[PDB]
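Included below are structure tokens for two forms of one protein chain, each presented in isolation as structure 1 and structure 2.
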Structure 1
């Protein structure tokens, strides 16, 4: 399965995916890394690994559909089968999400459905949970319909901040995200006709 990784920043999840896809038994190959922001560290990791990179500045487009079209064109150029969102900070348009339904994964730093949206760690700390975690799910038009592939719980320690909590959660992301990619790329997991997760 040919994979694109969309990033917006540091790219530690990207790096975890690169490491796992270079394993002999990997069913996924990363063929293109797309950032919406230039000069982010995730682009260096991609280039260091020999993976083509494309910057597609969302700010240069009129709306999301024009921006998403630029991305979709690169995905077609590279004959992509699967799209991993790994720190991607742009909400995607409905038709794009529809087109890639059942083919686009996302890592989210909470135990969905808890703490949706952009500041999950902030919300978790404000709420005072002692257990949080991360979630790999298929992307639907809203974070609510996205079918969940894997999750891993992570403890919240007393005194945790966004910096320390996100550091601990990221260790779990770097585990379940490569595993979830391997599950989908190998055909072991897919969206069924029900639209719910199907294990083969």
Structure 2
């Protein structure tokens, strides 16, 4: 499967994703990294790895739909099968999300549905949970969960220490989820729920 990664900044998890696709039995290849912001660290990561990049500036389009259509055109030109969001900070339009239904992944630094939105680590700490984690899910208008990994909150943790621990888990589950979807092992059913598929090819 041909994969695109959309970013807005540092491209958190991008290197983890790249590394996984270099592995022997990978079902995925990262073929393009697209940013809505020029000269961000994630682009440099991609470029240093020899992966094509594109910058699509939202300020050059009339509205959200026009902007997302420009992204989609690039995805079409590169024959992309699957999209991963790595710190993408714009809201994708309904039409874009619908087209990419069951083919676009995102990650969140909590065990959804807990701690939705920004600052999930601070939320976990303020709430006083002893268990948090990360969730990779398909993107919807939210979206069906593919994988989750629980991560302990330790006594004395700061936002930084908890964030680093959750990031190590993300480095593991984002590529694992990508491989599941790229291989066809995990697919979105016609009923809108996750389907674990037994593949014909052995």
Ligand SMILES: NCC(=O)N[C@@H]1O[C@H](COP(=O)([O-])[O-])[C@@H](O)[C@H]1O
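Numbering follows the first chain given and starts at 1. In this text, rigid core is short for the largest set of C-alphas that superpose within 1.5 Å between two forms.
Determine, for this pair of isolated chain forms, which one is the form solved in complex with the ligand. The chain shown as structure 1 is the form solved in complex with the ligand.
Which of these moves by 2 angstroms or more at the C-alpha between the two structures, core superposed: 131, 171, 60, 49? Spelled out, the residue whose C-alpha shifts by 2 Å or more is 60.
Supposing the core is put in the same place in both forms, how far has the CA of residue 88 shifted between the two structures, in Å? So the C-alpha of this residue moves 1.3 Å.
What is the Cα shift of residue 16 between the two structures once the core is superposed, in angstrom? On core superposition, this C-alpha lies 0.1 Å from its counterpart.
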